Amino acid sequence: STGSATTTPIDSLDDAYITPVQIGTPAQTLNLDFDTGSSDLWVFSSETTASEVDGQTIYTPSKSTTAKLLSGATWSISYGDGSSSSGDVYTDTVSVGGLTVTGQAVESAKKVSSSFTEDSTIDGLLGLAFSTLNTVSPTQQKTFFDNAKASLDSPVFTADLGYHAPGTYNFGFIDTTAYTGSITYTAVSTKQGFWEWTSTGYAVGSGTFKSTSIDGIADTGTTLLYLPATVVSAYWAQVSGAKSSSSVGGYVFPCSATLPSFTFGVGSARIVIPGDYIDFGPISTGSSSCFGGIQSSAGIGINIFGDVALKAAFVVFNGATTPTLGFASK
């Protein structure tokens, strides 16, 4: 089997991407944030504290003939951005782009943090990291991809995120029309539960490539590119007037600037992030100070190849017995 679904930016800045997901019978379609940095499929629901729901579409398990309470199971997650959610668990039929999993753990939120409430466009998350990170207790649950894997034509999914445009998540096949040149594959460590890999270096604009190992995670659920302070300083040093602002919470730059590209290495291959992808617009409405899309990972504890990086590539998440990651230009 295979699946193919379009993923759409939630706003004009590509702050996140939502993908429609069918849950239950009859189908209830929710727009979920596909997140290769976590491993829970959780949704706003009929059980979510009413004051914490603000415009989201909810899953109502009582209206699904295939929903079953997973007795005794609870979940609770905190994300790297400080947001969180928790609740109980149902199993139900879940389909993505034509690919159907029966008995998928659907984690129903009883509580969500304000960040989730305040974002009307995201109805929940669909985790695509390794199932070892799943938070369901006392019986850990498998991700959608893990459940689908054996049935897929090939045990892979691909992320093809657009810049200020829709893109595609495919399951079970590699669309050879969706990228240019060849796909370069690189080793993955699953030790921390993430799609963790090592970039071979970077360049700023038309500058020379610096060969240096940068361990980080491929994370579709993180907006920006978080890299070591040395790398980030080298980038912003090429933008007149750019500075790290403790009050804003990162590098800002004059909105009048033209940003240089940023290149990262995948083995001997190179992925070029155009300068425009690194512009996240005014820090507040009407400001002439703009927020940068490349930020320091210092104090995160890990480097994160988030959407800024991934949307410059066609990315293969290869879930074979020994997982790997593939990157192609597009």
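Following Swiss-Prot, chain A shows residues 90-419, kept in their order.
How was it done? The header gives X-ray crystallography, 1.4 Å.
Cβ coordinates are placed from backbone N, Cα and C, and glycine is handled just like the others.
Under a cutoff of 8 A between CB atoms, and with a sequence separation of 6+ in the same chain, the neighbours of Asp124 (active site) are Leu214, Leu215, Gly216, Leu217, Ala218, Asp308, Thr309, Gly310. Per Swiss-Prot, active site is recorded for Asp124 (among others).
Listed in sequence order, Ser302, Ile303, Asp304, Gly305, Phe353, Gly354, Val355, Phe394 are the same-chain residues six or more apart from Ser288 (active site) with CB atoms under 8 A from its CB. The DSSP secondary structure for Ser288 (active site) is strand. The active site annotation in Swiss-Prot covers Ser288 (among others).
Taken residue by residue with DSSP, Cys344 (disulfide bond) is part of neither helix nor strand, so it is coil. The disulfide bond annotation in Swiss-Prot covers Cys344-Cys379.
Residues or ranges marked as domain 'Peptidase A1' in Swiss-Prot: 106-417.
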Completion exercise
Sparsest Cβ environment (other Cβ within 10 Å) among disulfide-bonded residues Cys344, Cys379 belongs to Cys344
